[PDB]
>>> print(open('final-v3.cif').read())   # mmCIF, C-alpha atoms
data_entry
loop_
_atom_site.group_PDB
_atom_site.id
_atom_site.type_symbol
_atom_site.label_atom_id
_atom_site.label_comp_id
_atom_site.auth_asym_id
_atom_site.auth_seq_id
_atom_site.Cartn_x
_atom_site.Cartn_y
_atom_site.Cartn_z
ATOM 1 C CA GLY A 9 -86.166 -213.702 90.099
ATOM 2 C CA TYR A 10 -89.639 -213.970 91.603
ATOM 3 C CA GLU A 11 -92.985 -215.514 90.695
ATOM 4 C CA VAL A 12 -96.422 -215.313 92.323
ATOM 5 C CA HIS A 13 -99.612 -216.757 90.907
ATOM 6 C CA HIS A 14 -103.016 -218.324 91.549
ATOM 7 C CA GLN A 15 -104.041 -216.255 94.564
ATOM 8 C CA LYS A 16 -107.704 -215.626 95.373
ATOM 9 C CA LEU A 17 -109.932 -213.694 97.751
ATOM 10 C CA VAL A 18 -113.607 -214.565 98.108
ATOM 11 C CA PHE A 19 -116.481 -212.928 99.974
ATOM 12 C CA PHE A 20 -119.756 -214.870 100.446
ATOM 13 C CA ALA A 21 -119.636 -216.841 97.160
ATOM 14 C CA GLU A 22 -117.499 -218.238 94.365
ATOM 15 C CA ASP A 23 -119.973 -220.426 92.464
ATOM 16 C CA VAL A 24 -123.594 -219.782 93.510
ATOM 17 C CA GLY A 25 -124.946 -217.041 95.734
ATOM 18 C CA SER A 26 -128.311 -215.754 96.928
ATOM 19 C CA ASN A 27 -129.289 -213.144 99.497
ATOM 20 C CA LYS A 28 -132.269 -211.863 101.467
ATOM 21 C CA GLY A 29 -130.641 -209.395 103.838
ATOM 22 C CA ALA A 30 -127.788 -206.961 104.175
ATOM 23 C CA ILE A 31 -124.176 -207.499 103.098
ATOM 24 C CA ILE A 32 -121.763 -204.707 104.046
ATOM 25 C CA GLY A 33 -118.176 -204.991 102.871
ATOM 26 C CA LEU A 34 -117.082 -202.151 105.160
ATOM 27 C CA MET A 35 -118.924 -199.840 107.519
ATOM 28 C CA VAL A 36 -118.285 -197.045 109.995
ATOM 29 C CA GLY A 37 -121.249 -196.723 112.327
ATOM 30 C CA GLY A 38 -124.880 -197.263 111.391
ATOM 31 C CA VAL A 39 -127.820 -199.496 112.224
ATOM 32 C CA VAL A 40 -128.164 -202.564 109.998
ATOM 33 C CA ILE A 41 -131.585 -203.746 111.154
ATOM 34 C CA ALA A 42 -131.611 -206.453 108.458
ATOM 35 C CA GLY B 9 -87.050 -210.446 86.909
ATOM 36 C CA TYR B 10 -90.615 -210.503 88.223
ATOM 37 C CA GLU B 11 -93.932 -212.125 87.343
ATOM 38 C CA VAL B 12 -97.443 -212.034 88.822
ATOM 39 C CA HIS B 13 -100.566 -213.548 87.329
ATOM 40 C CA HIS B 14 -103.940 -215.209 87.864
ATOM 41 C CA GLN B 15 -104.964 -213.191 90.915
ATOM 42 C CA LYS B 16 -108.640 -212.602 91.670
ATOM 43 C CA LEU B 17 -110.967 -210.804 94.056
ATOM 44 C CA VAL B 18 -114.628 -211.753 94.319
ATOM 45 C CA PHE B 19 -117.571 -210.150 96.096
ATOM 46 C CA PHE B 20 -120.835 -212.136 96.409
ATOM 47 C CA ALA B 21 -120.554 -214.054 93.096
ATOM 48 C CA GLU B 22 -118.324 -215.309 90.308
ATOM 49 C CA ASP B 23 -120.713 -217.478 88.275
ATOM 50 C CA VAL B 24 -124.367 -216.911 89.238
ATOM 51 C CA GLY B 25 -125.943 -214.597 91.780
ATOM 52 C CA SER B 26 -129.384 -213.343 92.779
ATOM 53 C CA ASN B 27 -130.411 -210.740 95.336
ATOM 54 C CA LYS B 28 -133.442 -209.485 97.244
ATOM 55 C CA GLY B 29 -131.918 -207.003 99.669
ATOM 56 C CA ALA B 30 -129.104 -204.543 100.125
ATOM 57 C CA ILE B 31 -125.465 -205.028 99.121
ATOM 58 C CA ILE B 32 -123.167 -202.175 100.168
ATOM 59 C CA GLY B 33 -119.563 -202.321 99.019
ATOM 60 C CA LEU B 34 -118.576 -199.517 101.397
ATOM 61 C CA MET B 35 -120.509 -197.280 103.760
ATOM 62 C CA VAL B 36 -119.982 -194.495 106.269
ATOM 63 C CA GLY B 37 -122.991 -194.396 108.565
ATOM 64 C CA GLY B 38 -126.589 -194.897 107.499
ATOM 65 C CA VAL B 39 -129.515 -197.170 108.274
ATOM 66 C CA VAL B 40 -129.703 -200.215 106.002
ATOM 67 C CA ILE B 41 -133.112 -201.598 106.949
ATOM 68 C CA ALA B 42 -133.070 -204.272 104.221
ATOM 69 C CA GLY C 9 -88.136 -206.717 83.650
ATOM 70 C CA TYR C 10 -91.701 -207.087 84.902
ATOM 71 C CA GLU C 11 -94.950 -208.767 83.898
ATOM 72 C CA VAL C 12 -98.487 -208.757 85.314
ATOM 73 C CA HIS C 13 -101.529 -210.344 83.715
ATOM 74 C CA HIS C 14 -104.873 -212.099 84.211
ATOM 75 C CA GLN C 15 -105.917 -210.087 87.252
ATOM 76 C CA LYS C 16 -109.619 -209.623 87.985
ATOM 77 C CA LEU C 17 -112.024 -207.905 90.354
ATOM 78 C CA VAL C 18 -115.640 -209.049 90.398
ATOM 79 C CA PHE C 19 -118.559 -207.474 92.242
ATOM 80 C CA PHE C 20 -121.894 -209.322 92.604
ATOM 81 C CA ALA C 21 -121.664 -211.191 89.251
ATOM 82 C CA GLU C 22 -119.384 -212.228 86.415
ATOM 83 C CA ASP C 23 -121.480 -214.529 84.214
ATOM 84 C CA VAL C 24 -125.191 -214.212 85.078
ATOM 85 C CA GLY C 25 -126.947 -212.060 87.650
ATOM 86 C CA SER C 26 -130.439 -210.887 88.580
ATOM 87 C CA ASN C 27 -131.509 -208.320 91.159
ATOM 88 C CA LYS C 28 -134.545 -207.066 93.062
ATOM 89 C CA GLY C 29 -133.047 -204.613 95.538
ATOM 90 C CA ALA C 30 -130.273 -202.125 96.100
ATOM 91 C CA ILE C 31 -126.639 -202.558 95.054
ATOM 92 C CA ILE C 32 -124.368 -199.704 96.128
ATOM 93 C CA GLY C 33 -120.706 -199.744 95.166
ATOM 94 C CA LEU C 34 -119.975 -196.911 97.602
ATOM 95 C CA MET C 35 -122.048 -194.738 99.900
ATOM 96 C CA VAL C 36 -121.695 -191.989 102.483
ATOM 97 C CA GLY C 37 -124.753 -191.860 104.717
ATOM 98 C CA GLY C 38 -128.356 -192.448 103.701
ATOM 99 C CA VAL C 39 -131.250 -194.798 104.369
ATOM 100 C CA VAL C 40 -131.518 -197.864 102.129
ATOM 101 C CA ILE C 41 -134.895 -199.364 103.008
ATOM 102 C CA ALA C 42 -134.451 -201.955 100.238
ATOM 103 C CA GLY D 9 -138.424 -191.442 111.153
ATOM 104 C CA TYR D 10 -134.751 -191.576 110.182
ATOM 105 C CA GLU D 11 -131.965 -188.989 110.237
ATOM 106 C CA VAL D 12 -128.462 -188.957 108.739
ATOM 107 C CA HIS D 13 -126.205 -185.914 108.808
ATOM 108 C CA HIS D 14 -122.606 -184.692 109.021
ATOM 109 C CA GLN D 15 -121.060 -187.642 107.229
ATOM 110 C CA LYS D 16 -117.824 -187.358 105.261
ATOM 111 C CA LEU D 17 -115.340 -189.206 103.072
ATOM 112 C CA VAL D 18 -112.019 -187.383 102.728
ATOM 113 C CA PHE D 19 -109.665 -188.966 100.233
ATOM 114 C CA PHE D 20 -106.332 -187.116 100.493
ATOM 115 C CA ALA D 21 -106.297 -184.067 102.683
ATOM 116 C CA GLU D 22 -109.420 -181.933 103.002
ATOM 117 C CA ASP D 23 -107.193 -178.855 103.477
ATOM 118 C CA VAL D 24 -104.107 -177.273 101.922
ATOM 119 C CA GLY D 25 -102.377 -180.174 100.212
ATOM 120 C CA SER D 26 -99.418 -180.168 97.840
ATOM 121 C CA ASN D 27 -98.862 -182.883 95.250
ATOM 122 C CA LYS D 28 -95.834 -183.817 93.138
ATOM 123 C CA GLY D 29 -96.627 -187.297 91.871
ATOM 124 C CA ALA D 30 -99.440 -189.586 90.849
ATOM 125 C CA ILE D 31 -102.740 -189.933 92.708
ATOM 126 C CA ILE D 32 -105.297 -192.441 91.431
ATOM 127 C CA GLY D 33 -108.767 -193.125 92.781
ATOM 128 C CA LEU D 34 -109.125 -196.389 90.864
ATOM 129 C CA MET D 35 -106.932 -198.159 88.321
ATOM 130 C CA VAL D 36 -107.731 -201.436 86.590
ATOM 131 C CA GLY D 37 -104.200 -201.678 85.204
ATOM 132 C CA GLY D 38 -101.142 -199.837 84.039
ATOM 133 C CA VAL D 39 -97.737 -198.703 85.225
ATOM 134 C CA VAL D 40 -97.554 -195.786 87.672
ATOM 135 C CA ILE D 41 -93.972 -194.544 87.982
ATOM 136 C CA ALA D 42 -94.061 -191.746 90.542
ATOM 137 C CA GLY E 9 -136.577 -193.603 115.203
ATOM 138 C CA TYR E 10 -132.926 -193.827 114.164
ATOM 139 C CA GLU E 11 -130.082 -191.304 114.145
ATOM 140 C CA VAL E 12 -126.609 -191.364 112.583
ATOM 141 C CA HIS E 13 -124.282 -188.372 112.584
ATOM 142 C CA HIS E 14 -120.654 -187.231 112.721
ATOM 143 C CA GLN E 15 -119.209 -190.229 110.922
ATOM 144 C CA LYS E 16 -116.006 -190.033 108.891
ATOM 145 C CA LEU E 17 -113.607 -191.954 106.671
ATOM 146 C CA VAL E 18 -110.252 -190.208 106.249
ATOM 147 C CA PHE E 19 -107.981 -191.863 103.723
ATOM 148 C CA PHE E 20 -104.604 -190.088 103.906
ATOM 149 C CA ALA E 21 -104.458 -187.024 106.071
ATOM 150 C CA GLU E 22 -107.525 -184.817 106.432
ATOM 151 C CA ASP E 23 -105.221 -181.788 106.841
ATOM 152 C CA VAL E 24 -102.130 -180.288 105.217
ATOM 153 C CA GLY E 25 -100.499 -183.240 103.496
ATOM 154 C CA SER E 26 -97.585 -183.319 101.068
ATOM 155 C CA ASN E 27 -97.141 -186.065 98.490
ATOM 156 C CA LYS E 28 -94.175 -187.083 96.329
ATOM 157 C CA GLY E 29 -95.071 -190.553 95.105
ATOM 158 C CA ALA E 30 -97.955 -192.784 94.154
ATOM 159 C CA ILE E 31 -101.225 -193.044 96.077
ATOM 160 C CA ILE E 32 -103.862 -195.502 94.867
ATOM 161 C CA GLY E 33 -107.320 -196.097 96.288
ATOM 162 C CA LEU E 34 -107.789 -199.365 94.403
ATOM 163 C CA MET E 35 -105.685 -201.204 91.833
ATOM 164 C CA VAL E 36 -106.592 -204.474 90.143
ATOM 165 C CA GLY E 37 -103.094 -204.807 88.693
ATOM 166 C CA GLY E 38 -100.017 -203.044 87.456
ATOM 167 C CA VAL E 39 -96.566 -201.980 88.569
ATOM 168 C CA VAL E 40 -96.270 -199.049 90.990
ATOM 169 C CA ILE E 41 -92.655 -197.886 91.222
ATOM 170 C CA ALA E 42 -92.632 -195.069 93.762
ATOM 171 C CA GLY F 9 -134.642 -195.655 119.269
ATOM 172 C CA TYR F 10 -131.021 -195.979 118.157
ATOM 173 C CA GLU F 11 -128.118 -193.526 118.049
ATOM 174 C CA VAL F 12 -124.681 -193.687 116.414
ATOM 175 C CA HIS F 13 -122.285 -190.753 116.334
ATOM 176 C CA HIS F 14 -118.627 -189.698 116.380
ATOM 177 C CA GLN F 15 -117.293 -192.750 114.587
ATOM 178 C CA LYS F 16 -114.130 -192.654 112.488
ATOM 179 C CA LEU F 17 -111.825 -194.656 110.239
ATOM 180 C CA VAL F 18 -108.440 -192.998 109.728
ATOM 181 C CA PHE F 19 -106.264 -194.735 107.174
ATOM 182 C CA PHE F 20 -102.842 -193.040 107.264
ATOM 183 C CA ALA F 21 -102.576 -189.957 109.391
ATOM 184 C CA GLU F 22 -105.582 -187.672 109.791
ATOM 185 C CA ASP F 23 -103.197 -184.696 110.117
ATOM 186 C CA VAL F 24 -100.106 -183.289 108.410
ATOM 187 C CA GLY F 25 -98.583 -186.298 106.690
ATOM 188 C CA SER F 26 -95.725 -186.474 104.203
ATOM 189 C CA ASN F 27 -95.400 -189.258 101.648
ATOM 190 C CA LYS F 28 -92.507 -190.372 99.437
ATOM 191 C CA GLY F 29 -93.512 -193.833 98.272
ATOM 192 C CA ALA F 30 -96.467 -196.004 97.407
ATOM 193 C CA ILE F 31 -99.701 -196.162 99.401
ATOM 194 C CA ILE F 32 -102.422 -198.570 98.276
ATOM 195 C CA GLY F 33 -105.862 -199.064 99.775
ATOM 196 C CA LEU F 34 -106.449 -202.341 97.939
ATOM 197 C CA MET F 35 -104.445 -204.259 95.347
ATOM 198 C CA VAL F 36 -105.464 -207.524 93.714
ATOM 199 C CA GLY F 37 -102.007 -207.957 92.194
ATOM 200 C CA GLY F 38 -98.917 -206.285 90.873
ATOM 201 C CA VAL F 39 -95.418 -205.291 91.902
ATOM 202 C CA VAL F 40 -95.001 -202.343 94.281
ATOM 203 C CA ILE F 41 -91.355 -201.265 94.424
ATOM 204 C CA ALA F 42 -91.210 -198.421 96.930
ATOM 205 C CA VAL G 12 -65.654 -162.325 101.079
ATOM 206 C CA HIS G 13 -65.425 -164.139 97.741
ATOM 207 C CA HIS G 14 -68.215 -166.396 96.448
ATOM 208 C CA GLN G 15 -68.286 -168.394 93.196
ATOM 209 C CA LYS G 16 -70.707 -171.083 91.982
ATOM 210 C CA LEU G 17 -72.329 -172.105 95.257
ATOM 211 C CA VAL G 18 -74.750 -174.540 93.612
ATOM 212 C CA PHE G 19 -73.549 -176.015 90.326
ATOM 213 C CA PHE G 20 -74.897 -178.516 87.806
ATOM 214 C CA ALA G 21 -72.524 -179.765 85.114
ATOM 215 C CA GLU G 22 -75.025 -181.622 82.893
ATOM 216 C CA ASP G 23 -78.725 -181.751 82.035
ATOM 217 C CA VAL G 24 -81.361 -181.311 84.747
ATOM 218 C CA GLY G 25 -84.445 -183.266 83.709
ATOM 219 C CA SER G 26 -86.959 -181.297 85.765
ATOM 220 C CA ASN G 27 -87.616 -179.272 88.907
ATOM 221 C CA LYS G 28 -90.564 -179.306 91.316
ATOM 222 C CA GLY G 29 -88.908 -177.768 94.362
ATOM 223 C CA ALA G 30 -86.603 -175.064 95.617
ATOM 224 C CA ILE G 31 -83.036 -174.863 94.316
ATOM 225 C CA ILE G 32 -81.625 -172.051 96.433
ATOM 226 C CA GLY G 33 -78.019 -170.955 96.043
ATOM 227 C CA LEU G 34 -77.985 -169.053 99.337
ATOM 228 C CA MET G 35 -80.515 -168.146 102.022
ATOM 229 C CA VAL G 36 -80.310 -165.550 104.794
ATOM 230 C CA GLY G 37 -83.908 -165.120 105.945
ATOM 231 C CA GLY G 38 -87.532 -165.357 104.954
ATOM 232 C CA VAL G 39 -89.980 -168.097 104.005
ATOM 233 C CA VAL G 40 -89.742 -170.067 100.756
ATOM 234 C CA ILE G 41 -92.609 -172.531 100.315
ATOM 235 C CA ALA G 42 -91.800 -174.596 97.232
ATOM 236 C CA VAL H 12 -63.394 -166.025 103.658
ATOM 237 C CA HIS H 13 -63.438 -167.974 100.383
ATOM 238 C CA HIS H 14 -66.282 -170.253 99.270
ATOM 239 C CA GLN H 15 -66.290 -172.236 96.016
ATOM 240 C CA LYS H 16 -68.424 -175.058 94.581
ATOM 241 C CA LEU H 17 -70.223 -175.989 97.792
ATOM 242 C CA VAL H 18 -72.754 -178.315 96.147
ATOM 243 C CA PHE H 19 -71.642 -179.903 92.886
ATOM 244 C CA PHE H 20 -73.263 -182.311 90.435
ATOM 245 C CA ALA H 21 -71.155 -183.674 87.578
ATOM 246 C CA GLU H 22 -73.786 -185.705 85.679
ATOM 247 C CA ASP H 23 -77.512 -185.833 84.951
ATOM 248 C CA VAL H 24 -80.073 -185.064 87.644
ATOM 249 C CA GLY H 25 -83.253 -186.948 86.778
ATOM 250 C CA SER H 26 -85.691 -184.752 88.683
ATOM 251 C CA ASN H 27 -85.945 -182.659 91.835
ATOM 252 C CA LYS H 28 -88.852 -182.703 94.288
ATOM 253 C CA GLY H 29 -87.124 -181.187 97.304
ATOM 254 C CA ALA H 30 -84.752 -178.529 98.530
ATOM 255 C CA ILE H 31 -81.219 -178.413 97.128
ATOM 256 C CA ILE H 32 -79.708 -175.623 99.213
ATOM 257 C CA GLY H 33 -76.122 -174.531 98.673
ATOM 258 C CA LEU H 34 -75.870 -172.626 101.954
ATOM 259 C CA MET H 35 -78.177 -171.927 104.895
ATOM 260 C CA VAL H 36 -78.076 -169.078 107.414
ATOM 261 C CA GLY H 37 -81.639 -168.553 108.634
ATOM 262 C CA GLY H 38 -85.281 -168.663 107.709
ATOM 263 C CA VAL H 39 -87.692 -171.438 106.774
ATOM 264 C CA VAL H 40 -87.522 -173.522 103.591
ATOM 265 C CA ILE H 41 -90.541 -175.815 103.244
ATOM 266 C CA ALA H 42 -89.811 -177.950 100.189
ATOM 267 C CA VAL I 12 -62.267 -170.566 106.659
ATOM 268 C CA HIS I 13 -61.513 -171.812 103.135
ATOM 269 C CA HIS I 14 -64.262 -174.158 101.921
ATOM 270 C CA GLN I 15 -64.253 -176.026 98.598
ATOM 271 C CA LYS I 16 -66.259 -178.943 97.158
ATOM 272 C CA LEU I 17 -68.201 -179.803 100.305
ATOM 273 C CA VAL I 18 -70.749 -182.106 98.645
ATOM 274 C CA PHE I 19 -69.829 -183.832 95.390
ATOM 275 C CA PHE I 20 -71.503 -186.211 92.943
ATOM 276 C CA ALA I 21 -69.628 -187.920 90.103
ATOM 277 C CA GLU I 22 -72.404 -189.950 88.436
ATOM 278 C CA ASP I 23 -76.084 -189.690 87.537
ATOM 279 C CA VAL I 24 -78.626 -188.922 90.261
ATOM 280 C CA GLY I 25 -81.933 -190.674 89.629
ATOM 281 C CA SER I 26 -84.159 -188.301 91.590
ATOM 282 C CA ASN I 27 -84.307 -186.189 94.738
ATOM 283 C CA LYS I 28 -87.116 -186.148 97.303
ATOM 284 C CA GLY I 29 -85.255 -184.642 100.243
ATOM 285 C CA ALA I 30 -82.749 -182.057 101.353
ATOM 286 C CA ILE I 31 -79.284 -182.109 99.794
ATOM 287 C CA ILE I 32 -77.688 -179.257 101.713
ATOM 288 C CA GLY I 33 -74.051 -178.253 101.379
ATOM 289 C CA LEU I 34 -73.813 -176.365 104.670
ATOM 290 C CA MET I 35 -75.948 -175.416 107.676
ATOM 291 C CA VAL I 36 -75.727 -172.461 110.050
ATOM 292 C CA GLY I 37 -79.295 -171.903 111.242
ATOM 293 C CA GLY I 38 -82.933 -172.036 110.294
ATOM 294 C CA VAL I 39 -85.452 -174.774 109.555
ATOM 295 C CA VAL I 40 -85.433 -176.941 106.423
ATOM 296 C CA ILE I 41 -88.511 -179.159 106.134
ATOM 297 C CA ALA I 42 -87.890 -181.372 103.109
#
>>> encode(input="final-v3.cif", output="structure tokens")
Amino acid sequence: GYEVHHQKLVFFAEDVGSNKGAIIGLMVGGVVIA
Amino acid sequence: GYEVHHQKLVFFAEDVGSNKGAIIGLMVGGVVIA
Amino acid sequence: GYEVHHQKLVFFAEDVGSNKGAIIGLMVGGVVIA
Amino acid sequence: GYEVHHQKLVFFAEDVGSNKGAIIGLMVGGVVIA
Amino acid sequence: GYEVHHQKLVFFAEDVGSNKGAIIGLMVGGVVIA
Amino acid sequence: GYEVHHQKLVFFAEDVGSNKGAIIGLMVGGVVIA
Amino acid sequence: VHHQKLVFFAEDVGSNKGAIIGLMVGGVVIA
Amino acid sequence: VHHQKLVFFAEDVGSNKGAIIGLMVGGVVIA
Amino acid sequence: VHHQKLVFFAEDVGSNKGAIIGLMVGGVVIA
């Protein structure tokens, strides 16, 4: 038998988040002047 | 037997989030001035 | 036997979220001045 | 002045491609038995 | 002045490609038995 | 002045590619039995 | 030269998505 | 020169997704 | 020169995704 639980993956926030600017989760080339 | 539960993936917020600017989940080239 | 439950995938908000600006789940080229 | 051209996003074989089995672009749940 | 050209994102074989089994681009849960 | 060209992101064989079994680009949970 | 039952199935065959060739001499068969 | 029952299945075959060739001499078989 | 029952299965076969070839002489088999 197996058992897996309570994992997590977070990216820039889990409770409170703001932003003034770029956030790119994945990119191939390009100019993020921001 | 197997069992998997309570996973999670988050991106920029889970409870409260604002934004003034770009948020790109995936991109292939392109100018994000923001 | 198998069992899988209580997964989740959030993107930019789950409970409360505002926005003044772009939000792009996927993109191929293009200029986001934002 | 901006320019963007000749991008691409090829999911699964932008040419002659056989298929005997499941292909899913997004799946929030289920059981895929290929 | 900006330029962006000749990008790419090839998921799984941008040419002749067989397939006998599952292919998933995103999956929040489930059971894939290939 | 900026330039960006001839990028790439090849996930799994940008040419003739067989497949007998699971391929997943992202998976928050589950049981993959290849 | 005596041939009998080159390929043989003795019960149910659930499906088929490919070539089931009893004998080949030449030519292309793209299943 | 006597051939008989080269390939032989005696029970269920769930599914086929490839070549099941009883005899090969020449040519291309792309399953 | 006398061949008989080269390949043999005596129980269920879940699935096939490749070549199950009873004999080879020449040619290409891309399973």
>>> residues_around(input="final-v3.cif", residues="region 26-30 of chain A", least_positions_apart="5", cutoff="8 Å", atoms="only C-alpha atoms", output="ChimeraX atom specification")
/A:40,42 /B:25-32,40,42
>>> residues_near_point(input="final-v3.cif", point="(-112.9, -185.6, 107.6)", cutoff="8 Å", atoms="only C-alpha atoms", output="VMD selection string")
(chain D and resid 16 to 18 22) or (chain E and resid 16 to 18 22) or (chain F and resid 22)
>>> resolve_selection(input="final-v3.cif", expression="the PyMOL selection byres ((chain I and resi 15) around 9)", output="list in words")
residues 13, 14, 15, 16 and 17 of chain H; 13, 14, 16, 17 and 18 of chain I
>>> atom_distance(input="final-v3.cif", atom1="CA of residue 42 (chain H)", atom2="CA of residue 19 (chain D)")
22.7 Å
>>> resolve_selection(input="final-v3.cif", expression="the PyMOL selection byres ((chain A and resi 35) around 6)", output="JSON, numbers by chain")
{"A": [34, 36], "B": [35, 36]}
>>> atom_distance(input="final-v3.cif", atom1="CA of residue 41 (chain G)", atom2="CA of residue 24 (chain E)")
13.2 Å
>>> resolve_selection(input="final-v3.cif", expression="the PyMOL selection byres ((chain D and resi 38) around 7)", output="list in words")
residues 37, 39 and 40 of chain D; 38 and 39 of chain E
>>> atom_distance(input="final-v3.cif", atom1="CA of residue 23 (chain I)", atom2="CA of residue 21 (chain H)")
7.8 Å
>>> residues_around(input="final-v3.cif", residues="residue 35 (chain I)", least_positions_apart="2", cutoff="10 Å", atoms="only C-alpha atoms", output="VMD selection string")
(chain H and resid 32 to 37) or (chain I and resid 32 to 33 37 to 40)
>>> residues_around(input="final-v3.cif", residues="residue 24 (chain I)", least_positions_apart="2", cutoff="12 Å", atoms="all atoms listed in the file", output="list in words")
residues 20, 22, 23, 24 and 25 of chain G; 19, 20, 21, 22, 23, 24, 25, 26 and 27 of chain H; 19, 20, 21, 22, 26, 27, 28 and 31 of chain I
